[PDB]
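Q: Chains as they are written, first to last, in the authors' numbering: chain 2A, 1 to 504; chain 2J, 2 to 105; chain 2C, 52 to 102; chain 2G, 64 to 115; chain 2B, 17 to 101; chain 2D, 11 to 276; chain 2E, 15 to 104; chain 2L, 4 to 79; chain 2I, 52 to 101; chain 2F, 1 to 20, 31 to 48. All residues carry an ideal CB built from backbone N, CA and C; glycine is no exception.
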Amino acid sequence: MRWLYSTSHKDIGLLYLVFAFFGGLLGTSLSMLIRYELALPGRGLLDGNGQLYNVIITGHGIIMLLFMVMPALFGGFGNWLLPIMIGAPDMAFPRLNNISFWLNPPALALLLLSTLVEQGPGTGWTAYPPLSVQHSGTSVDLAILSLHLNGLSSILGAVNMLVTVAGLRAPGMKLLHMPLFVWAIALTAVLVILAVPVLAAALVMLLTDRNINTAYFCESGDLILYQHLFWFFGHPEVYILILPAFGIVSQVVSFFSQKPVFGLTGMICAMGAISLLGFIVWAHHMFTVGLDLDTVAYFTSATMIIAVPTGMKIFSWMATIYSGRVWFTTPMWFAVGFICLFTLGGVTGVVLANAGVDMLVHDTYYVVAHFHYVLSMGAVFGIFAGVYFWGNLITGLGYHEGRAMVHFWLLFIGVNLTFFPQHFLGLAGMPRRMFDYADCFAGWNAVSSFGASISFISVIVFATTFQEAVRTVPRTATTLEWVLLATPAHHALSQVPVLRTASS
Amino acid sequence: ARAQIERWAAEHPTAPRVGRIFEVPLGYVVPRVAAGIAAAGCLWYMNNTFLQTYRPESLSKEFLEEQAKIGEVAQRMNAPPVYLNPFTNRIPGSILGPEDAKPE
Amino acid sequence: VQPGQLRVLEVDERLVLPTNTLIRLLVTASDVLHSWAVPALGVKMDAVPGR
Amino acid sequence: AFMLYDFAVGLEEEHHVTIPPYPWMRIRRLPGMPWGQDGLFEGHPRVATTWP
Amino acid sequence: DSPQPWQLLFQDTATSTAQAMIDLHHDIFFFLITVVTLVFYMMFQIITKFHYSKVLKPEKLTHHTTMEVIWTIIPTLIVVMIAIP
Amino acid sequence: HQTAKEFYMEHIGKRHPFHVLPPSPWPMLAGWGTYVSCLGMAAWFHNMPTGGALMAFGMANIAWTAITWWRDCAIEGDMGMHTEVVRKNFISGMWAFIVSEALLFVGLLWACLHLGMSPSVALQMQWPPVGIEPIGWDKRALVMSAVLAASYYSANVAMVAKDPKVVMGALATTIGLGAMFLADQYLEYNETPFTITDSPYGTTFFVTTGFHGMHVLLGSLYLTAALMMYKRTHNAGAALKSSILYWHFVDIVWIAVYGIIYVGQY
Amino acid sequence: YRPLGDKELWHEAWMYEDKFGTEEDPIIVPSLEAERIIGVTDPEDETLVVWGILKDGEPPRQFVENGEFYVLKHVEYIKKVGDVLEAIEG
Amino acid sequence: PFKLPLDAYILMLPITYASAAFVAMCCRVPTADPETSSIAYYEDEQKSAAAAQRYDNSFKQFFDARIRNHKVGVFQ
Amino acid sequence: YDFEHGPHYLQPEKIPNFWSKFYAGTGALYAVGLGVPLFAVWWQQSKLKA
Amino acid sequence: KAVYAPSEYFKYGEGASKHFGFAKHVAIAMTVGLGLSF
Ligand code: HEA
Ligand code: HEA
Ligand SMILES: [Cu+2]
Ligand SMILES: [Mg+2]
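1) Hey, out of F419 (chain 2A), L65 (chain 2A), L33 (chain 2A) and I62 (chain 2A), whose CA is closest to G50 (chain 2A)'s CA?
2) For the segment 255–273 of chain 2A, which residues have a CB atom closer than 9 angstroms to at least one CB atom of chain 2B, in sequence order?
3) Pick out whichever of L187 (chain 2A), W3 (chain 2A), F181 (chain 2A) and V249 (chain 2A) has its Cα sitting closest to the Cα of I99 (chain 2A).
4) Quick one: give me the first and last residue of the alpha helix (DSSP H) that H60 (chain 2A) is part of.
5) Shorter than 8 angstroms from the beta carbon of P27 (chain 2D) to some beta carbon of chain 2E?
6) For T58 (chain 2A), collect the residues of the same chain with a Cβ closer than 7 angstroms to its Cβ; drop the 5 residues on either side in sequence, then sort them by chain order.
7) Starting from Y84 (chain 2E), follow the beta strand (DSSP E) in both directions and report where the run begins and ends.
8) Which partner residues does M96 (chain 2C) have in the DSSP bridge list?
9) Run through the DSSP bridge pairs and tell me what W65 (chain 2E) is partnered with.
10) Taking C-beta pairs closer than 7 angstroms, name the residues in chain 2E that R475 (chain 2A) reaches, listed in chain order.
11) At 8 angstroms on the CB atoms, spell out the chain 2J contacts of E401 (chain 2A), in chain order.
12) Which residues, in chain order, does the segment 34–65 of chain 2B contribute to contact with chain 2A at a C-beta distance below 8 angstroms?
13) From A235 (chain 2D) to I101 (chain 2D), what distance separates their C-alpha atoms?
14) In whole angstroms, what is the alpha-carbon distance linking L192 (chain 2D) and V140 (chain 2D)?
15) Determine contact between the segment 256–276 of chain 2A and the segment 306–326 of chain 2A, defined as no fewer than three beta-carbon pairs at a distance below 8 angstroms.
16) For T288 (chain 2A), is the beta carbon positioned less than 7 angstroms from some heavy atom of ligand 4?
17) Could you give the first and the last residue of the continuous beta strand (DSSP E) run that contains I41 (chain 2E)?
18) Below 8 angstroms, can you find three or more Cβ-Cβ pairs linking the segment 189–197 of chain 2A to the segment 244–258 of chain 2A?
19) What's the gap between the Cα of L112 (chain 2A) and the Cα of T501 (chain 2A)?
20) Report the option in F287 (chain 2A), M85 (chain 2A) and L65 (chain 2A) whose CA atom is closest to the CA atom of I242 (chain 2A).
21) Let me check you understand the geometry: is the CB of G349 (chain 2A) closer than 7 angstroms to at least one non-hydrogen atom of ligand 2?
22) From which residue to which residue does the alpha helix (DSSP H) around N445 (chain 2A) run?
23) Of all the options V55 (chain 2B), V51 (chain 2B) and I38 (chain 2B), which has the alpha carbon lying nearest to the alpha carbon of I321 (chain 2A)?
24) Just to check my reading of the structure: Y216 (chain 2A) and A121 (chain 2D) have Cβ atoms closer than 8 angstroms, yes? What is that Cβ distance to the nearest angstrom?
25) For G221 (chain 2A), would you say it is in contact with chain 2E, using Cβ-to-Cβ distances shorter than 8 angstroms as the test?
26) Look at the alpha carbon of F48 (chain 2F) and the alpha carbon of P87 (chain 2J), and state the distance between them as a whole number of angstroms.
27) Run through chain 2D and tell me which residues come within less than 8 angstroms of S51 (chain 2L), C-beta to C-beta.
28) Sort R95 (chain 2A), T138 (chain 2A), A200 (chain 2A) and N150 (chain 2A) by Cα distance to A107 (chain 2A) and report the nearest one.
29) Round the Cβ separation of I155 (chain 2A) and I193 (chain 2A) to the nearest angstrom and send it over; I've been treating them as touching at under 8 angstroms.
30) Could you tell me whether the segment 290–305 of chain 2A touches the segment 13–32 of chain 2L, where touching means 3 or more Cβ pairs closer than 8 angstroms?
31) Can you tell me whether DSSP reads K72 (chain 2I) as helix, strand or coil?
32) Can a CB atom of chain 2A be found closer than 8 angstroms to the CB of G247 (chain 2D)?
What follows is the structure, encoded as structure tokens:
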């Protein structure tokens with residue numbers, strides 16, 4: 001009854017964290033079938049089924065995108081940490097926060113049920129027509145309705161987050177004293193509210209094309225219109241999944257350096273510039289569909305601008321570590337690893353922005369290596385940095401430092417050996433979304449499938465890190481959740497704290 | 002900024018503070034990651050050995066030796082054969098194919 | 052396939068194109084989306100039903 | 064006043080303008096409709112059958 | 017023409033357009049190498065020189081307007097140098 | 011129970027002006043109602059027998075859960091749990107929901123602008139397609155625009171009035187004017203010489219006007235629910251203001267809908 | 015008391031006191047419980063926040079360097095300044 | 004809220020450039036060739052060809068003198 | 052323990068047999084999350100093999 | 001006798017960055043990167 005009828009933010013955030021762990025387990029299971037079909041030339045364990053391989057990659061991409069990183073960063077750490085960090089007693093709409101969580105298990109259930117109906121939804125996670133429309137049966141409708149339910153969940157969560165930050169701050173605390181995780185969650189909520197309904201409209205058009213015999217994307221329609229609407233949604237979507245990671249990395253790096261964050265207003269402005277530029281660059285996913293050269297020209301020139309705010313954020317993190325008193329712990333290694341390895345994920349994005357180069361590497365494994373650098377090593381490292389940072393506060397359990405270092409090194413080795421060879425495959429022209437490849441692509445495919453098993457082993461080793469905790473008493477901190485007891489009370493902040501400005 | 006550091010170091014007593022960059026000793030970390038890498042290698046080997054339903058005939062040693070006899074040469078239905086990828090294999094521009102070369 | 056040929060990549064009927072000549076290629080499709088990609092020539096354009 | 068005038072000049076006028084079956088008219092990618100044969104709210108189908 | 021085993025970079029070309037694309041890619045990679053080298057070397061030196069066994073207590077450094085303007089203005093020049101080709 | 015109010019005053023009410031809720035069963039029931047209705051909708055698309063009844067069953071359960079949730083919210087308002095800052099937060103949440111619905115309509119009208127502006131060879135590059143007789147602006151649609159502008163002004167009356175009879179009469183006039191916008195859209199949907207299956211023009215027209223009509227119906231029901239709370243205690247608070255805000259949003263949406271579809275023939 | 019213009023009437027002043035708490039004259043923080051979290055900014059930097067915990071029956075305590083001293087006092091009512099004492103306007 | 008630092012206006016120069024370019028690209032599309040709702044637009048061959056070549060040459064004519072000189076790379 | 056009004060909303064050292072149920076729940080979570088895709092593979096391939 | 005807050009930071013320049031040589035390390039990094047790029 002506690003975990004079904006909750007109105008507290010700390011319980012709903014923990015429910016999000018557990019649901020995100022379940023989604024990560026499902027996606028990791030779906031990702032071993034991909035790398036085990038792709039280990040050797042010919043036909044592997046899927047018995048030469050291409051529809052089943054397409055179903056597997058569709059389900060894997062949708063699950064790891066929407067049901068793992070999004071509920072962990074936005075719904076998980078955001079719901080637990082936002083009202084404590086700003087000093088709010090609760091969320092603004094506590095029963096809306098519960099339906100924000102409780103629309104996610106119906107969506108995941110519909111997505112998993114679509115795999116068992118007819119031949120499944122083998123379309124890719126983008127679901128381009130007329131491939132989505134040609135599929136006889138019911139599975140594609142279930143997958144798109146799963147997408148609708150997840151989108152409505154994210155919209156309602158963003159509504160609650162935006163009213164909470166605006167209207168329930170502590171007295172004396174303006175929008176200058178909030179830590180950078182709060183700013184990241186607020187800008188993420190703004191992006192969600194602006195971008196998700198475009199996807200909802202596009203999927204409504206897809207439903208009417210599939211089932212109502214309409215003419216949105218058909219013989220007499222326009223198939224480029226779907227790609228326009230979908231990528232206008234989908235490129236803000238990948239900055240929704242990465243800004244809370246920036247906030248977490250700011251909090252972690254600031255903590256263990258014994259220093260405040262370098263260039264606070266520059267950090268906020270860089271996050272805002274990233275948020276604003278994400279809505280006008282979306283047709284960098286559509287360089288090969290046959291657009292006019294002026295459109296291609298503008299979207300090439302505009303996409304390269306996003307590098308400058310990100311470079312300022314990275315150099316500001318490095319200046320935060322600079323001239324400090326740094327103690328390297330397990331969450332600290334997950335943030336230094338973030339800084340060193342998100343750079344490798346962004347430099348290839350610069351290459352992909354230039355449309356002349358993108359004529360060669362569109363829909364190859366160069367793209368895949370890029371977006372597994374920025375997601376499996378930017379967002380996953382951000383998720384795991386906060387688990388070893390706030391875990392004793394959130395769950396009450398400590399962790400063994402040695403097994404956590406074992407888990408970190410296993411994950412770090414297993415991801416640098418899975419996707420670094422996928423660059424060379426894509427430069428040599430190996431296409432995406434294929435299970436049988438040419439005989440000369442065998443060596444890097446073997447190395448990548450070797451790396452995936454190391455990744456799976458590090459997934460297994462993570463379950464053995466938890467242990468009992470030691471509880472102490474706080475006196476002072478720089479953020480408001482490190483003066484609370486571990487775990488805090490059900491109504492944390494019994495008295496609402498105020499921020500007093502001194503005579504200076 | 003120091004007090005939250007000292008509080009986190011008390012709630013996480015297994016994390017050592019001894020004065021070195023890698024605080025956990027490598028004698029603990031290296032054998033366990035080696036064992037994990039070995040288990041991953043065993044899973045990869047099991048997939049390669051026992052989980053294939055069709056091995057291609059173009060990877061048999063007879064096909065491979067007969068291909069290595071030919072080299073990187075492509076046939077044409079309207080022309081003499083041509084050396085594939087002439088820049089990386091350093092074919093000079095005068096030579097177009099095997100048969101058109103007719104070695105001196 | 053037979054030795055000297057490439058597995059997966061080989062077709063039965065090729066496309067014959069002269070060199071040193073300006074060629075117009077009109078790419079389209081009949082049922083779903085496709086893409087005509089030849090990485091040696093630097094050409095990759097999507098085949099869209101109607102375009 | 065004009066809407067109350069409109070409510071009395073409603074379903075009384077008729078159109079007999081039959082439309083030939085053009086490729087963009089009466090799309091039937093899936094046979095029929097989920098509720099029947101004709102469209103919803105459609106009591107007087109216009110596109111012609113038996114196209115001479 | 018056709019891909020090769022253990023291949024790193026692009027295939028060989030038969031048009032001037034594709035060779036122009038590959039040359040643009042290598043020109044971008046010229047800048048990327050220097051960016052990654054600077055980031056990795058500075059991260060290593062910051063990690064080694066500011067460990068707590070070396071540092072008695074940290075320094076207060078929240079802002080530096082000159083360095084902020086410098087690392088804002090240098091990558092924008094690189095962006096516009098890349099964009100025109 | 012008698013000390014539950016005492017405990018609330020001792021620990022929550024006298025310490026901060028924000029509202030802390032007791033545990034509630036309605037979010038979970040609404041989520042699994044969405045699950046049931048999605049299964050019914052997917053079965054009803056492909057003419058599976060007893061699929062439309064299942065979709066109606068799931069929608070009826072969602073409607074009942076939402077009605078009981080909103081009755082609980084109204085009860086909590088009547089017992090004085092909401093201060094002024096809570097009501098300001100209610101209007102802020104309504105503004106965020108309005109922004110989301112606005113971007114939904116922006117994505118919907120993007121399709122009208124794209125498909126109408128550059129007709130394709132499949133249409134023999136003629137917009138509007140031959141056979142299609144488009145709906146004119148010089149007719150019943152202009153009467154609809156007049157009625158909905160009158161509804162805008164009458165809803166604007168009830169926002170500023172202080173006499174309760176004026177507020178009730180203005181709200182009833184706004185609701186009755188909204189009901190005439192929908193009863194006449196039904197007449198357009200019956201007299202129109204095309205279908206949603208006839209060309210992208212008919213497709214975009216019916217989908218966009220249907221979404222607008224659904225929003226008109228939701229706003230009319232929300233204004234009706236805000237009036238009965240005022241008919242009882244002569245006080246509505248955030249229920250009156252947010253319903254007026256939503257109604258003004260619907261009015262502004264009709265300007266874009268009329269000026270893109272009816273005037274621009276897109 | 016600091017100027018109460020542009021201050022919300024329920025912010026419970028003592029935070030808006032016109033005093034710099036010294037060792038020999040601390041700022042008395044009222045509280046409904048024996049402990050309370052308060053937040054003090056750096057006197058040389060508005061952007062930096064240190065949150066501390068004051069306890070009932072303790073000596074004066076300074077949170078930031080060169081900052082105010084504080085003493086907690088357990089009370090049954092906290093003056094919700096904005097309609098408690100400026101309506102008095104004494 | 005706070006005072007924007009000196010970086011954010013160096014940020015705002017290419018951001019304003021990108022926003023202006025986006026507005027211009029959106030504006031110049033309904034004043035182009037294929038955005039005509041008739042087959043009778045192309046029966047006037049002089050005006051159609053003139054409008055289409057005007058749409059061709061704009062923003063390309065700033066690049067013709069370096070297209071002809073193979074300025075397609077940072078280095079040569 | 053009193054989760055609503057006690058000092059901690061989660062007291063994991065006071066559930067009886069906590070470390071047994073915790074490992075049982077973790078094992079069940081790993082089992083379901085790693086075995087649901089394999090059941091979906093088995094289900095589709097058993098329909099073609101008919 | 002009251003509870004005093006401790007001195008928590010040095011001023012930038014007299015702690016452990018006086019012996020770092032920031033510009034020297036940036037010059038070394040740019041030299042190595044430019045050598046590899048060339
Ligand atoms: C969230 C993004 C994300 C992540 C993390 C991953 C992780 C991995 N992915 Fe990929 N992948 C995609 C996003 C991601 N992927 C997308 C979008 C596609 C395209 C689908 C389509 O085309 O439709 C794709 C497709 C894709 C391909 C291309 C297949 C094809 O082209 O057909 C390959 C090939 O190697 C691959 C492999 C892997 C491997 C070995 C990992 C490894 O990293 C394994 C995972 C290991 C982890 C450690 C991550 C799990 C994380 C947790 C368990 C943390 C949870 C913890 C808490 C919540 C506390 N996946
Ligand atoms: C975590 C999510 C995430 C993030 C943050 C990014 C970030 C970026 N991405 Fe990407 N991207 C994806 C997720 C993401 N992407 C996904 C999922 C796809 C495939 C979708 C699909 O089809 O399935 C994709 C594909 C994709 C494409 C389309 C290619 C194609 O599919 O054909 C492009 C093209 O422009 C692109 C570019 C960029 C750029 C320029 C950034 C920039 O934001 C990166 C900026 C960072 C840096 C540039 C490094 C830091 C900068 C410095 C250290 C300063 C030095 C820099 C310079 C001097 C320039 N990525
Ligand atoms: Cu993108
Ligand atoms: Mg593509």
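A: Considering the structure as presented:
1) Nearest option by C-alpha distance: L33 (chain 2A).
2) Closer than 9 angstroms at the C-beta level to chain 2B, one finds these residues of the segment 255–273 of chain 2A: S257, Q258, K259, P260, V261, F262, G263, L264, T265 and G266.
3) The shortest C-alpha separation from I99 (chain 2A) is found at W3 (chain 2A).
4) From DSSP, the alpha helix (DSSP H) with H60 (chain 2A) extends over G50 to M64.
5) Yes, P27 (chain 2D) lies at the interface with chain 2E (some Cβ there is under 8 angstroms from its Cβ).
6) Excluding sequence neighbours, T58 (chain 2A) sits near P121, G122, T123, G124 and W125.
7) For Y84 (chain 2E), the uninterrupted beta strand (DSSP E) run begins and ends at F83 to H88, by DSSP.
8) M96 (chain 2C) is bridged to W87 (chain 2C).
9) Paired residues: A477 (chain 2A) and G53 (chain 2E).
10) The contacting residues are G66 and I67.
11) For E401 (chain 2A), the chain 2J residues whose C-beta falls within less than 8 angstroms of its own C-beta are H13, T15, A16, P17, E24 and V25, listed in chain order.
12) Of all residues in the segment 34–65 of chain 2B, only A34, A36, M37, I38, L40, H41, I44, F45, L48, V51, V52, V55, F56, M58, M59, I62 and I63 place a beta-carbon less than 8 angstroms from a beta-carbon of chain 2A.
13) When rounded, the distance between both Cα atoms is 17 angstroms.
14) Here the alpha carbon of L192 (chain 2D) sits roughly 29 angstroms from the alpha carbon of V140 (chain 2D).
15) These segments touch.
16) At least one heavy atom of ligand 4 is nearer than 7 angstroms to the Cβ of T288 (chain 2A), so yes.
17) For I41 (chain 2E), the enclosing beta strand (DSSP E) covers residues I41 to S45.
18) Here the segment 189–197 of chain 2A makes no contact with the segment 244–258 of chain 2A; the two share fewer than three CB pairs at distances below 8 angstroms.
19) Linking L112 (chain 2A) to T501 (chain 2A) through their CA atoms gives a straight-line distance of about 53 angstroms.
20) Residue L65 (chain 2A) is the option with its Cα nearest to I242 (chain 2A).
21) At least one heavy atom of ligand 2 lies less than 7 angstroms from the C-beta of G349 (chain 2A).
22) That run of the alpha helix (DSSP H) goes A442 to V461.
23) Checking every option, the nearest Cα to that of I321 (chain 2A) belongs to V55 (chain 2B).
24) Between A121 (chain 2D) and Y216 (chain 2A) the Cβ distance is about 6 angstroms, and since that is below 8 angstroms, they are a contact.
25) It does not; no Cβ of chain 2E falls within 8 angstroms.
26) About 26 angstroms.
27) Taking a Cβ-Cβ threshold of 8 angstroms, none of the residues of chain 2D is close to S51 (chain 2L); the smallest such distance is about 13 angstroms.
28) Comparing Cα-Cα distances from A107 (chain 2A) to each of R95 (chain 2A), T138 (chain 2A), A200 (chain 2A) and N150 (chain 2A), the minimum goes to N150 (chain 2A).
29) So it is a contact: roughly 6 angstroms between Cβ atoms.
30) Output reads yes: the segment 13–32 of chain 2L touches the segment 290–305 of chain 2A.
31) Helix, per DSSP.
32) So, not an interface residue.
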